[PDB]
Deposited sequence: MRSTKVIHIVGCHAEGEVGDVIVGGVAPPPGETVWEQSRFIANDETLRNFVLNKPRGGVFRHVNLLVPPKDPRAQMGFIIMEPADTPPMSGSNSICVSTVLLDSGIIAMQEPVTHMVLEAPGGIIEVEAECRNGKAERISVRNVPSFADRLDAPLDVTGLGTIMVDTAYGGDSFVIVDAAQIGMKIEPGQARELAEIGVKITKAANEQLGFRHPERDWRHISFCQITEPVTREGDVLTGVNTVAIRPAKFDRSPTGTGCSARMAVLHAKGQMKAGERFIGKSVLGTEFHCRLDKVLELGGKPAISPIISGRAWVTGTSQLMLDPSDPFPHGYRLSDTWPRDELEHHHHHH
């Protein structure tokens, strides 16, 4: 057998969502900052198609790439590569990357707790690992500053009638819409989404992010004390960080309140504090979850293989 390249990946999933990590074989992308590097990865597409697409990885698969830190205070940097795009920050993946680091030995595992400082495309992230018996049990990450752009704003949907929605950002751009004003959601999702880029034009005060990536159809959230449980659906991960930003923009969640995202295993998260971002209110999310490694692999490519990018 012959290959034109070899990447070594350590498989890892967090509460179900796959978040494979590339530990070697791939040179750090060009760019002076991590942000730009992720961009390159998104434009080039060569790397994401090789690992994401088949016959190497079925649909709905994630794979994160470790890159040399570009920020003084950061032990390691990485880029999230979702089957759809390369977001500036992902919850489910910032969890896998945190886990692989510890379970693979790249970072020194301190018990019963170990503190890391990773650097995603969107910005630096604090991480608190709960390691026990040589294994990161639970990972708690301080996501980047999240916020809600528009709130209760009309939306001319060519679908049917007019409904009000809210746009937020908790690692990625979302457009939250109560399934009430909706009455297959996949179809109506693609619709409500595109419409938002048109009528509402999103903007991030610290990154060249200029669009609404997805739409999540939510349902009324219940309260059990300080723990709000919501059965929202586009997956989860950065989904909640965004919703909490809105939930906090409507007085439905105060600082110090823990939000529990639906069980895609229930993704935990808490509103650590409130911060002012780009002349606007923002929350400091605390996503937390459990990730297990699934193995290791070395992907290759035969030069005569008709699917160099994969079908």
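Deposited residues without C-alpha coordinates, grouped into stretches that follow sequence order: Residues lacking C-alpha coordinates: 184-186, 205-210, 244-253, 284-285, 333-350.
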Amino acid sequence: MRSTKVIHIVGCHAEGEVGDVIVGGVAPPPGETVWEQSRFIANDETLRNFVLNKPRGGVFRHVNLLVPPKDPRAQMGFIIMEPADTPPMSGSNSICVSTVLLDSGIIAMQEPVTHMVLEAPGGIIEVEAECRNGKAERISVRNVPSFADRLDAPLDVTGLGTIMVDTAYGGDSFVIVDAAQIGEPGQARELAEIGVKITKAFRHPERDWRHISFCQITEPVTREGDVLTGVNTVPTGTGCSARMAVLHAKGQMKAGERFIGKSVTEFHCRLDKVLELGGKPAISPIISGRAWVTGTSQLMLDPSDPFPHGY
From here on, numbers count along this sequence of modelled residues.
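Mean temperature factor over C-alpha atoms, higher-scoring stretch between 124-132 and 96-104: Per the PDB record, 124-132.
Segment of higher mean CA temperature factor, 293-301 or 8-16: Between 8-16 and 293-301, it is 8-16 that shows the higher mean C-alpha B-factor.
Highest-ranked of 87, 225, 161, 112 once sorted by CA temperature factor in the record: In this record, 161 carries the highest C-alpha B-factor of the candidates.
Residue with maximal Cα B-factor (values as given in the PDB entry) among 62, 56, 39, 268: Largest recorded C-alpha B-factor: 268.
B-factor third for the C-alpha atom of residue 144 within its chain: Tercile = lowest for this residue's CA B-factor.
Chain-wide C-alpha B factor ranking for residue 157, given as lowest, middle or highest third: CA B-factor rank for residue 157: highest third.
For residue 251, the third of its chain into which the C-alpha B factor falls: Middle third, going by the recorded CA B-factors of the chain.
Chain thirds of CA B-factor: placement of residue 242: Its C-alpha B-factor, which the entry lists for residue 242, ranks in the middle third among residues of this chain.
Ranked C-alpha temperature factor of residue 70 among modelled chain residues, by third: CA B-factor rank for residue 70: highest third.
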